[PDB]
Amino acid sequence: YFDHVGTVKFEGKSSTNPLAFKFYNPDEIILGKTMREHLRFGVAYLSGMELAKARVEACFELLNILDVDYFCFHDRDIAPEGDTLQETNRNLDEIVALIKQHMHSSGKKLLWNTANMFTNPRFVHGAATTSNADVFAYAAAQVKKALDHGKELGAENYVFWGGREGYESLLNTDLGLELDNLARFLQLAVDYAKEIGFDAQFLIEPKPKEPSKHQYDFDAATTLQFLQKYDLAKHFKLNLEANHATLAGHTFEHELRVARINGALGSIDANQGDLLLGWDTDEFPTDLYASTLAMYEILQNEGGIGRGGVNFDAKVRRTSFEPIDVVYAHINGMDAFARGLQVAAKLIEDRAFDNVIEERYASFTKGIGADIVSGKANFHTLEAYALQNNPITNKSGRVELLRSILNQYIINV
Amino acid sequence: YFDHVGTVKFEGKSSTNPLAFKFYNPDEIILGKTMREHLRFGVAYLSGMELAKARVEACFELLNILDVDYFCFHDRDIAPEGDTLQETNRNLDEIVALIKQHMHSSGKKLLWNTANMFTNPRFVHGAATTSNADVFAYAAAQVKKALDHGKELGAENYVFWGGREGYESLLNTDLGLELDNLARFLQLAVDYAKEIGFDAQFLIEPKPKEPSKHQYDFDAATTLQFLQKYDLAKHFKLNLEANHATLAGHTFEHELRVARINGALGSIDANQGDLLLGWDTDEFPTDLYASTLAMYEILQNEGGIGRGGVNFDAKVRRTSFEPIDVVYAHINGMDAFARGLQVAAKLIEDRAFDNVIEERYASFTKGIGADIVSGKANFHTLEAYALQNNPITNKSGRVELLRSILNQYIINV
Amino acid sequence: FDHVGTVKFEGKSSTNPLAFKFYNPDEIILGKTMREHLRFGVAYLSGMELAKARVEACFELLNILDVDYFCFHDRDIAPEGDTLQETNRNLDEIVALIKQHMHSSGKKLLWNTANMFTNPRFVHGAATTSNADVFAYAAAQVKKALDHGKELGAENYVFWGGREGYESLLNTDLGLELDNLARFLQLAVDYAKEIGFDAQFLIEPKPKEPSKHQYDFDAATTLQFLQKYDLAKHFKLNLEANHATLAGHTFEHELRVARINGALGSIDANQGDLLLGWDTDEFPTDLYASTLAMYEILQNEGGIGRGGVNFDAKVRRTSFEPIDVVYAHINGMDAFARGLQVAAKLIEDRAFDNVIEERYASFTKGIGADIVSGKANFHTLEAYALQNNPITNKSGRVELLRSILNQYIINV
Amino acid sequence: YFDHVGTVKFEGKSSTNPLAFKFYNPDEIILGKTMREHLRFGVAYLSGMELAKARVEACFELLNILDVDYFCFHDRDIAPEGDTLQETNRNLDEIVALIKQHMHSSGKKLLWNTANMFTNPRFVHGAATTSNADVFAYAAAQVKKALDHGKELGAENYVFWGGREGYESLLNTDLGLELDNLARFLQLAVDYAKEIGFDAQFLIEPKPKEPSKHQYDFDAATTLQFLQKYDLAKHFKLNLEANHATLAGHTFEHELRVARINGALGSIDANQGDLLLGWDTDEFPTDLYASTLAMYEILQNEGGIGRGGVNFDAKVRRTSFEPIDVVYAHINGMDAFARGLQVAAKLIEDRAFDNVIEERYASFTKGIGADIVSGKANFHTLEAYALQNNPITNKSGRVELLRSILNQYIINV
Ligand SMILES: [Ca+2]
Ligand SMILES: [Ca+2]
Ligand SMILES: [Ca+2]
Ligand SMILES: [Ca+2]
Ligand SMILES: [Ca+2]
Ligand SMILES: [Ca+2]
Ligand SMILES: [Ca+2]
Ligand SMILES: [Ca+2]
Ligand SMILES: [Ca+2]
Ligand SMILES: [Ca+2]
Ligand SMILES: [Ca+2]
Ligand SMILES: [Ca+2]
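Residues numbered from 1 in each chain as written, not as in the entry; some residues may be left out. Chains lettered and ligands numbered in written order. Heavy atoms only, no water.

Per the deposited record, X-ray crystallography is how this structure was determined, to a resolution of 1.942 Å.

Shown next, in the form of structure tokens:
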């Protein structure tokens, strides 16, 4: 299906073969784990049911071409809807059965599945946050079925994403009812997963906007505020998508670090936006700064990426319409994140940033700084200290110095 | 001296007097309350101490010119630093006593005061989130003094703003330590206000960025996430500044509604940015959509603006450098928000929006929708409902219709 | 449209949702009726059966709204065939039905255009394509549209951004693409001359979307291109409000730049959302933007001239009932009619012009007159400044002027 | 004084010396020319006259530390104003005499000088586009003096920059008069340079905004529209500043290519913005994509950078306040652009992009495409060709392929 016989192999950074990896060596050992284990790369997923069966075959062909172990899918992208909900689910069941056998034969694993509650017109007002309770019931039936399929196929995570949960205008929005109903829907899904013994990690993917004016899981901190408010934080981690970070006005590594220090870095969608375009372009990730600094955050996460992966939720350019461009595009993104891993790991091993940070904040490990951190110091004792009028000498933050190191490691590692 | 003898007075929407209110009639009653009480307008603040005393005289002259009942100040904006912290506080105490005098003779009240921990170079790395423990101690001494002065002058609120609390680069940032230390600082402040019996409402003002790349209290939701995480939410509401809403990628009314439904709409700074400029211009508020929709949110807040007010944290344009421009600018903003109050109050009384919202979400007050809201319905019963395959018919959201009504009321109320 | 009658003016107090609150087509404003000031335009089963039905729905909507002008794109009014010949046969057949409807209903064609955006052949652009075969098809399509524009009496003809730009400079021959864009536009000019097509040629700037950069980025950038290639004498601009803010400008900025360069040809009335980086094409509702747009248009030579105020806008995705098309045009028609009322009174009252006159009075006398005349040079200006006479600037009065704007929007 | 002493020297990519160039080897020959000549790096430029004289010393000390051959200055940055214009020019002349001798003894060259008509409050409304003719006269006297000084010191270019030439609001702007006066002023300057024999390349620096809402030289194409309209294009090239390109919504390499194909790539100011911050941050350039692609456009320019240079119009971060950070910051930017030159030259030498472009547009060098370029093809004949209905087959744009190549050369060159 992809104009490409054979598999893409690692050929080193000097190779001029456009169908070879320059940096992704799956077997390269980095800090005691292989690149394959560090990155856990995932790949995204005639008419009617015949087109669907052919899509199955093409998905696993591509997984074999790229030597990728993990895939993801949305229900409505693997099978067409029927004339009833029953027939929709029969069509899905049939295609799931084909996928399950391919997974067994090929040894491929389901990183996550999800429900597409975005495409069909019934979701024009959203799904959980719809104004039409009939749509909420259909959305529950659809996610119910998707949790069944996630359990059947052994999904390691299950994703809820922004779709159409937000608003076009606050003028016609009952904000409390929509947010309450979102929280009800998510808890109902948690209840159902527990009842069927589905032990995948639940993930929410923040997205700030597009196609809606505002979408409720705006960024990591906004989603965490909602999760904490509704007693859902214990059930959900975040699926962080690079382009959605920058759409929200943050760097990717900002979202990742916020997620990390709240125990909620669950998985990533590796792509990139165009910061001069206010929409979500979902380009395959090529920026070596973004991939280096993303893997820097991931490598410090408990268990690294953990049960998540580096998932290529990305779109070939409109002008890269040939089948082979799908292979070129993944090679672009896989080599960019493999280089990012190499560079990040060496930055971490050399404490290239950590030693500067240790020195920056050293005052909080001695004297009055230690007393602040320990809780001994209060406004009375801090004032008495400052009333000594000891000269205050700040230290440079060395931003340009560190930026030179980042450039040096990107090139030299 | 503002080149202006006497008071600005209401002269109706027909007046061509540039130094007269066209819409702010302080005694006009709207829904059982005067404009004065709805809006609770606030105004925000030779060398050395003589320049400082002159500035006090100019501030209360302006309060009298504008017939404004409330003012705000920052400590380092009202008095110069001395050669020691002791002398800085002596200078500040002397000016605070001159302010207390003018409050006596004029009856004007302190809406809030705050510590300016932005201007002096000791705060280059921040205040609570500084890398230098000596700066943390100075910041504590400064806020301790400001809480004393707030108590002494009867401040109804006390504001913490995000001046230097954030980062220039995550490369050199110990994020967890900075946020832990910000939470420690705010809790120490809470402790001290309780010890001295300072009963003002504590407020945090979100700001997403500028001057720094990222500032931690990015928007209402992000600040609420931090407050909830560190058990501080019970002590703080938000001071919402309109320009900071749009700088964060939200409308002002979005930030206000989010705060409102989390019980955290404490006060507002009334200004406006330029959405084509990304840098916090703090212009006086002139946009009648923004003022109407801000007042629409405030009127539905418990107690209206409550102990807060509509505070003109705004700057005349660089090209409006004459004294009289300060009066023109305030008339601009006071009339904009008075018109917004009139229009919003009639939109609420007529239920121009509430009737469309009521009909939009009516399905959640009966049938399967009521069972969703009550918790009776789960995935099993919702699926059984959806499996009936009853046709789903959504209703239009009528955005353009409501925008017509908004235009009509802004013009015709 | 689930609304059989005609929408009429019922004044500002009316609570009829299907009535104009500000657009009174007959109201006289500075010697001209609202109808002729604004020249409102409306922008336009399977296969040919669906095509014919859409013609009927178009003119049904023109009658509901009492609108005199319409626009269309060729590929939006007729389906393609299995050959170019068949595509033009389908197109000709629908054009014949539109012409009869124009005669019977009295409606006029503001402009037509060629849609060289949808079909996959234009993936790399039309005039700026990398594939010469596509350039040829593009020329054939515009040729046919110039013929239909002549046949239907189009007062303008529009070239718009579509796919003329780049996704990446890494693979772009910029000089060739711009040279070919100019070649294509000249050929079009050559052909309009042959058949006696007299309509005003217009270029619509768009800075980006779907592409990373589109070459007619804004008014000034398109003007730089037209001047470089000796095409400025043949083209004016079709200015769309959303494209101004997408380019980082206010709509009134683009309108004034176009106006002082004699290139304000026509407008597409809509609005974006300045918090969303994409071209939302909402029906215009912002009274500031509509007031200040009509302020610029009223000062253009002949007002909007041969152009019009064309509602190139889409209903919200959540406004999916037929009646919402009517509600949305009422929203935008009333917003721009109010804009005209306020702008005309501001102009009549010289509310801004008197302030501008005083602001720059220094350039009508003394050393300022010698600067303007060309008499003053660096030598005589230095001698003047070396007198060290005090410089006293005057306030720009921006906050004062904004209060006036608010007052007129509410009061006129 | 810069805490350094000695010269920064090249130590190669593996050095761990923070005070050594890792990529800038001034003597390395690349396509027949040294790095030093390719890049022509430029560096930017007690109270009263004593502080001014100390600044002269510190400037040339830094030029010797960095081994940089070119510098720039603004008149009001090198000498304080006097109590009269005569005194201002006497102060300026005295400092210019000191700089002239330093240039002779040190062998450093003046890349460009300019007039600062931004700081003093007389320019609150602008300079050439002021509303006050008295200010226009002062502006004329100041530029006249700067052209005198530029000729005396042998400036190779002379810069006009954005300052406050724009508007705060169109409500109070006579746009035609301001633009006419801008053109008059620039022609007066051209006249005067001719009269004194000043042979430097005149340059205009585009800037879209900040501090003003709109600045007239918005970007390259907008400035070119102005230069063509007023018959000034024959006299001016552009000084392209990287942060101003992105502030205007363009990439830096876009502005450079637009300048280059219009004969107007005169010089550059090498810095970078933050595309998530809406204001002009003027950070030292570190992004290897931006520096690579900028040197890519420059190397294809007639004569490369020509009489211009790669000028570091950049500011150290607020938090990098130690003197040594100035050295670290230039090492960061000089190594970034030296690496950019290495990578760009090999990309150009290998025709890594040019061969893909040659094939992409091959259709225009034969058949109907040649008739199009030749002018022979017209609408009648192109339609005849299209009416044969021959299959249209487009070829992929290969963007992801090309991005992989860019990444590979950045690492491997
Ligand atoms: Ca909603
Ligand atoms: Ca996306
Ligand atoms: Ca995703
Ligand atoms: Ca910090
Ligand atoms: Ca502000
Ligand atoms: Ca504030
Ligand atoms: Ca192109
Ligand atoms: Ca558009
Ligand atoms: Ca348009
Ligand atoms: Ca101006
Ligand atoms: Ca700059
Ligand atoms: Ca510059």
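Is there a simple way to think about the overall build of chain C in this case?
Counting its secondary structure elements, chain C contains 15 helices and 12 strands. The globule rule puts the C-alpha radius of gyration for 412 residues at 22 Å, and the 24 Å found for chain C is close to it. Once the C-alpha set of chain C is aligned to its principal axes, its extents read approximately 80 × 60 × 40 Å. The buried share among the 412 residues of chain C stands at 65%. (Helix = DSSP H or I, 4+ residues; strand = E, 2+ residues; numbered from the N terminus. Rg over C-alpha atoms; globule rule 2.2 N^0.38 Å. Buried < 20%, exposed > 50% of the residue type's maximum accessible area, 1.4 Å probe, protein only.)

Even after reading the chapter, I still don't get the coordination of the calcium ion (ligand 4), so can you show me in this structure?
Under ideal tetrahedral coordination, the four donors around a metal are separated by 109.5 degrees; under ideal octahedral coordination, the six donors are separated by 90 or 180 degrees. Residues and elements named next belong to chain B. At the metal site, the calcium ion (ligand 4) is ligated by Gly-166 (O), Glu-178 (OE) and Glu-178 (OE), and these contacts range over 2.4 to 2.5 Å. Here the residue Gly-166 occupies a position in strand 7 (residues 166–167), and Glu-178 occupies one in helix 6 (residues 175–196), the gap between them amounting to 12 residues. For the residue pair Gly-166 and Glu-178, the accessibility class agrees, reading buried in each case. (Donors = N, O, S within 2.8 Å, 3.2 Å for Na, K, Ca; no water.)

Where do I start with the interface of chain B and chain C in this structure?
Many structure descriptions define interface size as the accessible area lost when the parts assemble. On the chain C side, the residues contacting the 49 residues of chain B number 49 residues. A buried area of about 3,900 Å², summed over both sides, lies between chain B and chain C, and 53% of it is on carbon and sulfur atoms. The largest share of the area that chain B buries against chain C comes from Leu-276, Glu-400 and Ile-411 of chain B, three residues that together contribute 18% of it. Between the two partners, chain B and chain C, sit six salt bridges. Scanning the region where chain B abuts chain C turns up 28 residue pairs in polar contact. Broken down by secondary-structure element, the contributors of at least two residues to the side of chain B that touches chain C are helix 10 (288–300), helix 11 (323–349) and helix 15 (399–412) of chain B. The element best represented in the side of chain B that touches chain C is helix 15 of chain B, accounting for 10 residues. In terms of residue class, the side of chain B that touches chain C is made up of 18 nonpolar, 18 polar and 13 charged. (Contact = heavy atoms within 4.5 Å. Buried area = accessible area lost by both parts, 1.4 Å probe. Salt bridge = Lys/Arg side-chain N within 4 Å of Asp/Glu carboxyl O. Polar contact = N/O pair within 3.5 Å; in protein donor to acceptor, adjacent residues only side chain to side chain. Nonpolar A, V, L, I, M, F, W, Y, C, P; charged D, E, K, R; others polar.)

For this particular structure, what's the right way to read the pairing of strand 8 (residues 157–161) of chain A?
All names here are of chain A. The buried count for strand 8 comes to four of five residues, which makes it a mostly enclosed element. Here strand 8 pairs with strand 10 (residues 201–205) via five bridges, running parallel. Each residue of the ladder has a partner; that of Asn-157, found in strand 10, is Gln-201. (Pairing = 2+ DSSP bridges.)

What exactly am I supposed to notice about the coordination of the calcium ion (ligand 1) here?
Surrounding the calcium ion (ligand 1) are the protein donor atoms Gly-166 of chain A (O), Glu-178 of chain A (OE) and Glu-178 of chain A (OE), which sit 2.4 to 2.5 Å from the metal. Overall, the relative accessible area of 7% leaves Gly-166 of chain A in the buried class.

What is the right way to look at the relation of the copies chain B and chain A in this model?
The operation linking the two copies of the chain is a rotation about an axis combined with a translation along the axis. Note on the copies: chain B fits chain A at an RMSD of 0.2 Å, the axial shift is 0.0 Å, and the rotation between them is 180 degrees. Taken together, the rotation and translation relating the two chain copies correspond to the operation of a two-fold axis. Across chain B, the rotation axis passes nearest the C-alpha of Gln-225 of chain B, at a separation of 2.2 Å. Both copies share a contact surface, since 98% of the interface residues of chain B are interface residues in chain A too. (Least-squares fit on C-alpha atoms.)

Got a minute to help me understand the packing of helix 14 (residues 379–386) of chain A against helix 6 of chain B in this structure?
Two numbers describe a pair of packed helices, the interaxial angle and the distance between the axes. Where helix 14 of chain A contacts helix 6 of chain B, the two axes come as close as 10 Å, and the packing angle between them is 105 degrees. When the axis of helix 14 of chain A is compared with that of helix 6 of chain B, the two are roughly perpendicular. Residues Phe-379, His-380 and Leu-382 of chain A of helix 14 of chain A form the contact with helix 6 of chain B, whose own contacting residues are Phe-185, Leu-188, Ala-189, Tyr-192 and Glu-195 of chain B. (Axes fitted to C-alpha atoms, helices over the stretch in contact; angles between N-to-C directions. Parallel < 35°, antiparallel > 145°, perpendicular 65-115°, else oblique.)

Would you take a moment to explain the pattern of salt bridges for this structure?
Here the idea is simple: oppositely charged side chains can pair when their charged atoms come close. Tallied over the entire structure, the rule returns 113 salt bridges over all chains. Taken together, the salt bridges that share partners define one network made up of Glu-168 of chain A, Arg-403 of chain B together with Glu-282, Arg-316 and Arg-317 of chain C.

Hey, could you run me through helix 11 (residues 322–349) of chain C in this one?
For an α-helix, the turn length of 3.6 residues means that residues three or four places apart are oriented alike. Here helix 11 of chain C contains 28 residues, and its C-alpha end-to-end distance of 41 Å stays within 8% of the 40 Å for a straight helix at 1.5 Å per residue. Across the 28 residues that make up helix 11 of chain C, a large majority, 22, are buried. (Expected span 1.5 Å × (residues − 1).)

Can you help me understand the interface of chain B and chain A in this one?
The interface is formed by 89 residues belonging to chain B together with 87 residues belonging to chain A. When chain B packs against chain A, the two sides together hide about 8,100 Å² of surface, and 62% of this comes from carbon and sulfur. Looking at the side of chain B facing chain A, the largest losses of area belong to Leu-171, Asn-172 and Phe-379 of chain B, adding up to 11% of the total buried there. Counting across the chain B and chain A interface gives two salt bridges. For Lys-144 of chain B, the salt bridge identified is with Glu-383 of chain A, shortest N-O distance 3.5 Å. Residue composition of the side of chain B that touches chain A, grouped by class: 46 nonpolar, 27 polar and 16 charged.

What am I meant to see in the sheet that holds strand 3 (residues 40–43) of chain C here?
Strand pairing in a sheet takes place through backbone hydrogen bonds and is either antiparallel or parallel in direction. All names here are of chain C. Spatially, 3-4-5-6-8-10-11-12 is the arrangement adopted by the eight strands of the closed barrel, whose pairing is parallel. Strand after strand, the sheet turns through a mean of 30 degrees between neighbouring axes, direction not considered. In this fold helix 5 (residues 132–152) packs onto strand 4 (69–73), strand 5 (108–113), strand 6 (156–159) and strand 8 (200–203), with an angle of close to 175 degrees to the strand it touches most, strand 5.

Just checking my understanding: could you explain the side chain of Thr-172 of chain C for this structure?
Position of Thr-172 of chain C relative to the elements: it lies in the loop between strand 7 (165–166) and helix 6 (174–194). There is a polar contact of 2.7 Å between the side chain of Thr-172 of chain C and the backbone oxygen of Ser-168 of chain C. Not counting the four nearest positions on each side in its chain, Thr-172 of chain C is found in contact with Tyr-166, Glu-177 and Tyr-215 of chain C together with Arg-257, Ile-357, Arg-360 and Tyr-361 of chain D.

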